[PDB]
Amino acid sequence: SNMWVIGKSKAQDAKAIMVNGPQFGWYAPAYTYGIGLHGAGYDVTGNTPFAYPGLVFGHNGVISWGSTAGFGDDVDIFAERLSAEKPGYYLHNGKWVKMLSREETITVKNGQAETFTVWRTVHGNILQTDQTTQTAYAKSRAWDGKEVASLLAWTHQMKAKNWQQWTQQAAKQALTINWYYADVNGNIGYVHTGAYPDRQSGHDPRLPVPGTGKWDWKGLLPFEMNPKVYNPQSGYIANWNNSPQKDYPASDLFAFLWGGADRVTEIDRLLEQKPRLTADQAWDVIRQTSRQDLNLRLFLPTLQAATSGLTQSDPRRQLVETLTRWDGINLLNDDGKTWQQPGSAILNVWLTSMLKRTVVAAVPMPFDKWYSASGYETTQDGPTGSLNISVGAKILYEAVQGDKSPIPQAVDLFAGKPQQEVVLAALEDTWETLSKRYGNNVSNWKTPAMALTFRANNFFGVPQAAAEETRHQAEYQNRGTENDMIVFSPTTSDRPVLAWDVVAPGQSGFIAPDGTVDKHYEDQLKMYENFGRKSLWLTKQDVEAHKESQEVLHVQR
């Protein structure tokens, strides 16, 4: 999910510009729901996932807000000590405590019902148990007991009119979420929100802790510890789910790392390229980053140094020279199915070979399979989410930096061979694979582009539409599920704010019983594909001026 906020000192023809691209995958009907709320202290406009009461993306005419995933570590697992005799009990601070339990019946259409039991300790629900060691694992969340208050902080924050009011609501949001601020005066801000545990000394948060009492959290860290910045010296805030701040530790997921190879550098380079940006230029960063190969930048210098002493007729060197002429932007050919340059396919095959020769060989099976993906894996329907740099590739990037990497190389991943020899071997693997399928003339290689599917199933895998409701888009774009832009104090209008968004396929998902599709069922789907957007209205005048219908209700509680 990415976001770029541009303040006073970097904005051209405005005081502040906020562009948000929440990335949850692509669905039919649309993941988010557009809604304006005018009354009871609220005056807001925007769109929000699953039509939550509080709007995750939008503005109130004075301030604007947006989010990206935080990925801080807010969950730890507690290894509970069970007893073969006295079952349903667990040792905690010197006594045998009884577990909470509840019975559940699953009713099944055209089947028999199934009942099972859920168990919970003081640390949380039990994930799994090991009868052999008489250990049960409880998942313990720092936000447990604050779900509803987080829902409410996201609703109340829509009323804030400044930083101080807004940070009071951010301090109550307990999930690991980045929050972003912009306002009519051009101020900008960021808070890495949520509740983080206050761990005992010696607690390594990447692995389980005994639940017998000595390792229990002490409490939750205060809000003063949450990474935050207001009006940064740089003039902008950029995030693509990268680290908040220097020395902040990430989620304990084995597949998730914050290292020197990070896709947010791609956003940074474009915002540092120009002294100021207009709204049209801030919007246009969505199109560039959508189409950018993420691995070129990382490993092109390595490829160049390894093939520098080769002759011009060596195929390994020709593959590197193709990459050297490319800027990494993928573009579709006229056929609507192949990419104009073969670069992504080359890095894909090279990286798969490099990982199999380095990271994969140092790790025992079956854990080696966690580190072999190149990051390019998809199917015919295309990626289910954002493109990123794979874990394997982040670990390999540290290894190719040598003693310039801050990460001690406890095992040499090159296994005693000079780097260049491993790079050239992988490049020979690459040439063998690709030339066999496409031939020897690199200039006519037509390699397959990634496509984009709006799925009928939701992110759980459950149908939320019939299978024919699936929509197909020819170009895969590494961009938000929805994109929204808020521009404060435009010099080009009399309005104090201007905002736009795009919620595809459309606002409505309604299909009548006769098969008649609502009028607003797919009117945003072509807009989405061409990087277009529609206006968001906030004031009464603007709403009345663009009204297509009206309905009045008279109700008493």
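In case it trips you up, residue 1 is the first one in the sequence shown, and so on.
Q: Which is higher in the entry, the mean Cα B factor of 271 to 279 or that of 287 to 295?
A: Between 271 to 279 and 287 to 295, it is 271 to 279 that shows the higher mean C-alpha B-factor.
Q: What stretch has the higher average Cα B-factor here, 428 to 436 or 253 to 261?
A: Higher mean C-alpha B-factor: 428 to 436.
Q: Taking the Cα B-factors listed in the entry, which of 391, 485, 238, 99 comes out highest?
A: When the deposited C-alpha B-factors of 391, 485, 238, 99 are compared, 99 is largest.
Q: So among 516, 68, 524, 32, who wins on Cα B-factor in the entry?
A: Highest CA B-factor of the listed options: 516.
Q: Once the chain's modelled residues are ordered by C-alpha B factor and cut into thirds, is residue 493 in the lowest, middle or highest one?
A: Residue 493: CA B-factor falls in the highest third of its chain.
Q: Place residue 346 in the lowest, middle or highest third of its chain's C-alpha B-factors, as listed in the PDB entry.
A: Lowest third of the chain for residue 346's C-alpha B-factor.
Q: Using the B-factor values recorded in the entry, state whether the Cα atom of residue 165 falls in the lowest, middle or highest third among the modelled residues of its chain.
A: As the PDB entry reports it, the C-alpha B-factor of residue 165 lands in the middle third of its chain.
Q: Going by what the PDB entry lists, where does residue 147 fall on CA B-factor within its chain: lowest, middle or highest third?
A: Its C-alpha B-factor, which the entry lists for residue 147, ranks in the lowest third among residues of this chain.
Q: Just say lowest, middle or highest third for the CA B-factor of residue 46 relative to the other modelled residues in its chain.
A: Its C-alpha B-factor, which the entry lists for residue 46, ranks in the lowest third among residues of this chain.
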